[PDB]
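Quick setup: one chain, the form deposited in one PDB entry, written in structure tokens, and binding and motion questions come after.
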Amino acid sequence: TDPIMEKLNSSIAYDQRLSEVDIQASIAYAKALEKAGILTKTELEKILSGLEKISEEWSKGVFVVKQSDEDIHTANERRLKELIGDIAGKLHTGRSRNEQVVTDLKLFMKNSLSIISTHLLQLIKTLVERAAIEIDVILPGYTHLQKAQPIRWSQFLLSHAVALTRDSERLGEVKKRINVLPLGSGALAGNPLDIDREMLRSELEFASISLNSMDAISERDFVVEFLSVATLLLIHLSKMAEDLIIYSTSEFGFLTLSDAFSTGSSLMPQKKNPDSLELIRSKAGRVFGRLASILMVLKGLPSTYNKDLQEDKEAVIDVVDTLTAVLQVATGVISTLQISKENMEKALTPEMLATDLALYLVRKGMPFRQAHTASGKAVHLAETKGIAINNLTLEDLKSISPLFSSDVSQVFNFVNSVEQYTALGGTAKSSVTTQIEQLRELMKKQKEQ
């Protein structure tokens, strides 16, 4: 075998991450082998101690990888032999590297998803709490990055929490299909020794066992969807990244990141660069990249097993480490950023109540198109008089429409503006509180696993 080939085929570098799960998978298989009558009670005991010792070497970071080790599987097989003798060879009876690969990677994914869940929920929890505490703060709502209408700083935070919560539900859905045992599938036709797959299921703690050996070996649906969900979740973070970065400029001045999540120079001690947020926005590309790569690897592949499939491991490991890092950095930013209630308050302008003034007429029976026009004049009449809209005269307004009354003054209040949105999901205070309740009930259920 050519050197440049075996190097390109090598995977020991990164798949060492599967060392622990590889062992657990062999332990279970050994146990079931004993039940099948392939191993004796004695041999099994020799294989477990051996395997467990190998487990310790890795955990202690003392395992010795050698030149020959093509992958983590061979590595672990070599060690067991060195440690217990040719007896270790009986372990591979009926087994196939083909099924180890998917078994280990799924085991690794289950464990990984457990951690990603934790951090993902902590991020959501962090956004919801902040929304609860700052429920009074109001600032501009944007469209086309232009000021549209007032909204509660909380409605903004909750819109992100809501999106991230759908991400938590999707992750949960992926987890169920990853939680299905492929071991006992052989090279492609099944285990040839009537292995007790049910027993294998509960040793590894999988929810159920794979239905078809050919599919179980050649499918990488779990990788694709984990990657797809990972990507959409990063898309949500990239969106939030964009928001905070813009809000964190000096032009906007709505908030300032904490020292731990920013960079700056002594020459401009007040300037803070949102490195953390930019780092996170970029990971969306990194993750999408991995998703696209695997979608391309699977397309057109004949059945059953093909070497092309080996590309999954690295992609899955990178994305796992990417999410873990990114979620935690996100939690921190949101937790420690400093808002300027004063600046957000100043961003609220009279111009932004032209919409509200139109609605005021609508409530008094005036038709949509006419009220709109009416407010249109008030806004124009204000330009002429060279004054802000809230300082026009009741006498001025009345020249526009008889329907304006002393009670029109309330329109020019921002709290009144937001409180207009009581309908479920709106930005009114009750609606913000309703959302914080809904999201907490949601997280209690999603975590009840």
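So that there is no doubt, residue numbering starts at 1 and follows the sequence shown.
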Which is higher on mean Cα B factor in this entry, 424-432 or 8-16?
8-16
Tell me which stretch has the larger mean Cα B-factor in this entry, 25-33 or 380-388.
380-388
Kindly indicate the residue among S96, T322, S303, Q149 with the greatest C-alpha B-factor in the PDB record.
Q149
Highest recorded C-alpha temperature factor, please, choosing from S159, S218, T126, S265.
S265
Divide the modelled residues of the chain into thirds by Cα B-factor and specify which third, lowest, middle or highest, holds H236.
lowest
Considering every modelled residue of the chain and its Cα B-factor in the PDB entry, is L204 in the lowest, middle or highest third?
middle
Taking the entry's C-alpha B-factors for this chain, is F368 in the lowest, middle or highest third?
highest
Chain-wide C-alpha B factor ranking for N111, given as lowest, middle or highest third
middle
So, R197's CA B-factor, relative to its chain, sits in which third? The lowest
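Although it is not shown, the form deposited in another entry is what the next lines describe.
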Going between the shown form and the other one, do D86 and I23 stay in one rigid unit of the two?
yes
Classify the change in Cα distance between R130 and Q270 in the other entry as closer or farther, relative to the shown form (magnitude of 3 Å or more).
farther
